[PDB]
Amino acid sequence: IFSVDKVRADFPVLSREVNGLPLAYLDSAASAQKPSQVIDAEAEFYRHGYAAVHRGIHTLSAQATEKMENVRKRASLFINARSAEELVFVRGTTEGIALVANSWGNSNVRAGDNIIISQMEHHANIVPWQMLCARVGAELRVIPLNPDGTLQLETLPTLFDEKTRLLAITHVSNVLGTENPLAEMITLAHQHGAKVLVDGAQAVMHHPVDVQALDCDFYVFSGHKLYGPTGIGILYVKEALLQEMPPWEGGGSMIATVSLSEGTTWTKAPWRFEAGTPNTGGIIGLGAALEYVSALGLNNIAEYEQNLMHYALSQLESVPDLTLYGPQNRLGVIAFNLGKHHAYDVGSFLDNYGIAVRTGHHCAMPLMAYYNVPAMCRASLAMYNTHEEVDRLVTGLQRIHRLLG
């Protein structure tokens, strides 16, 4: 069984005080706190084994190159990719999606084609496709939402056709906590020869993820949401696709040869898309984060978080004039507004009690617009959050409602 007290003791930030009160960090969906196992792994690398990593001749460089490729292997096993060489290190989910849209998009999406996104997508999974569609003259289609925060799947027959090149879809909504039916949607997309990119930035920390079972063509996620360092993400691409992708004009690609007369050639994928000095510190920390999470067990984490979520939704029923957004079976986040008060004011009061939530449009303005609100509040309930922190959130909202209503 999972022991939240043993886990919390690994996270030094959770001791912190904010406004003279004990921190209740409910904003892990924006970024997760990191255990000392992650922080110290990165520091230890800088302290005892740091070097540049392009299979340099000397020992530190060779050993650091091997550390980085072992992390690539560990990450591929974490998401059950067939091969470590199907994983590209990227700056984060945002850059990973941009890479696909520029390298794969520019040579597979032509004038008259269409791309399907959903109305709940984070901006990082909208804007690259908007721009691509403008470049090549294709059409961006949108799966609409239901009031309960799920996709209107009945609209799919009107969106998928033979010119559909790509479905770009979120695994788990960063606002609603909706988990989308990826395996079925991927079957539909592949029946039309469409690829699927899955934005998995909110999924990989909540339960096991198996890209072979899903059969998705691309999958992205962010280190810093996975209790890991900033500046590092993972992009998975099916080997047959990845080995056809051209070099990344926009972000830089690693060369095989450079000639002023004869031009330039490029090294094989993965590494083709990792130009310049990689973020070795971040890669080391990401590896430690994958080990930490695997050691707790994602199924134990999921069971604890689901129980915590069920407790919170039950307790929140006693908050007057609370509006919740999203389905009952949400993962990780609770999106809400309190009566007619602006989310910004609710979040400031909650911060005044030492409760960290996020306010605003959460990089999902089309989602905001669907619900005809400018902003919502969002509380994250991660593996190190407690029933007691849920009770502070509930009491906090009750007090805010009396003081301001």
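The first residue of the sequence shown is number 1, and the count goes up from there.
When the mean C-alpha temperature factors of 241-249 and 181-189 are read from the deposited coordinates, 241-249 comes out higher. Of the two segments, 114-122 and 280-288, the one listed with the higher mean B-factor is 114-122 (C-alpha atoms only). Note on the listed residues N299, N102, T230, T93: the highest Cα temperature factor in the record is that of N102. Of all the options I97, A295, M254, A75, the entry's greatest CA B-factor is assigned to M254. When all modelled residues of the chain are sorted by CA temperature factor, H58 is found within the highest third. Ranked by C-alpha B-factor against the other modelled residues of its chain, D345 falls in the middle third. In this PDB entry, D210 carries a Cα temperature factor that places it within the lowest third of its chain's modelled residues. Sort the modelled residues of the chain by CA B factor and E42 lands in the middle third. In the deposited entry, the Cα temperature factor of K268 places it in the highest third of its chain's modelled residues.
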